[PDB]
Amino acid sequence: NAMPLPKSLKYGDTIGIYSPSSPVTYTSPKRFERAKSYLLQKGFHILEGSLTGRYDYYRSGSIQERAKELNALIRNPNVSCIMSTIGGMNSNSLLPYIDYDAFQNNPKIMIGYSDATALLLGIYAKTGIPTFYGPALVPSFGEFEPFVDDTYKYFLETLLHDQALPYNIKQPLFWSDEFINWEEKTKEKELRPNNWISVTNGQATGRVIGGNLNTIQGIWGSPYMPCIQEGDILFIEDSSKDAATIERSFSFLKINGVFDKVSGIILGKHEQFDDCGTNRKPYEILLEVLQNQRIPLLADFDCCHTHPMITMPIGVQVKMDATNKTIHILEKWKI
């Protein structure tokens, strides 16, 4: 059923940036100026949100200031794509104040990751328009060559180019999560050979829903969290956490019946994971929480904090094959 979608990105389009949380545009000026320059050189225009350059310690501004910033982008018909500068923690503060009506009356590509999950999922829940787990300006497009160019490839392939369906999501050949080269480059990140992991064999087809699991706990139960439906594919990712923290998040899903409903799980890589001396991988901890319940599971998916990043539409039908390690998007996410 033809069910409304944002317009594809085009060359020359204006991308609106906003800072719903951490004031990265103040604290990391070089990476920010670099990220801008990367996309401008590709041919896009950037429209700097009203909190760009601003500093309120752990945030860019008050809840009202940050809502006002995003709403001004949302109301702007000249903006085609709205992208967070970075995450943090405090995106969920904005949810009561977003102009959802405005967004529904002029759908745009909404993209970001990490803490922006609150907003991605909030907008999708209120408006039904799919949104995108993908690049945030500073971390993603501020990355030095070579990785930036793959992230950019995926960003273009999914939001600008036309794609016949089923659309296959190709595994990046290389990845990294090295904690270097933030503001200044000091050596080439290692180009590590990449793979996804077939943790539990099987196939599932269903609507993909998820994002950053830690952020989800900040919106769970509210009108801004979509209800997980029978047959959904759960997409989850965390970054720079430890084993205690993720066990809690996994058990949180378990005690909420999420794993009774989902047909399959896609787990992103865990940037800089701290296993607390256990040597356990995040999927092993999840598997203990799953207990005797068998669910097709594909891990170390490259849609998270690690580089490169894939752009994943949320709220659309996907097919995951955990045994052969494939993901295809089965329904249109843009027009």
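The numbering used is simple: start at 1 and walk along the sequence shown.
In this entry, the higher average B-factor at the C-alpha atoms falls on 99 to 107, of the pair 99 to 107 and 239 to 247. Checked against the record, the higher mean CA B factor of 57 to 65 and 27 to 35 lies with 27 to 35. Residue-level inspection of the entry shows that, of 267, 47, 295, 285, 47 has the top Cα B-factor. Taking the deposited Cα B-factors for 200, 256, 203, 215, the highest one is held by 203. Placement of the Cα temperature factor of residue 323 within the chain: lowest third of the modelled residues, per the deposited record.
Annotation for residue 128: CA B-factor lies in the middle third of the chain's modelled residues. Remark: residue 291 belongs to the middle third of its chain, ranked by C-alpha B-factor as recorded.
Compared with the other modelled residues of the chain, the Cα B-factor recorded for residue 231 ranks in the middle third. Split the chain's modelled residues into thirds by C-alpha temperature factor. Residue 171 is in the middle one.
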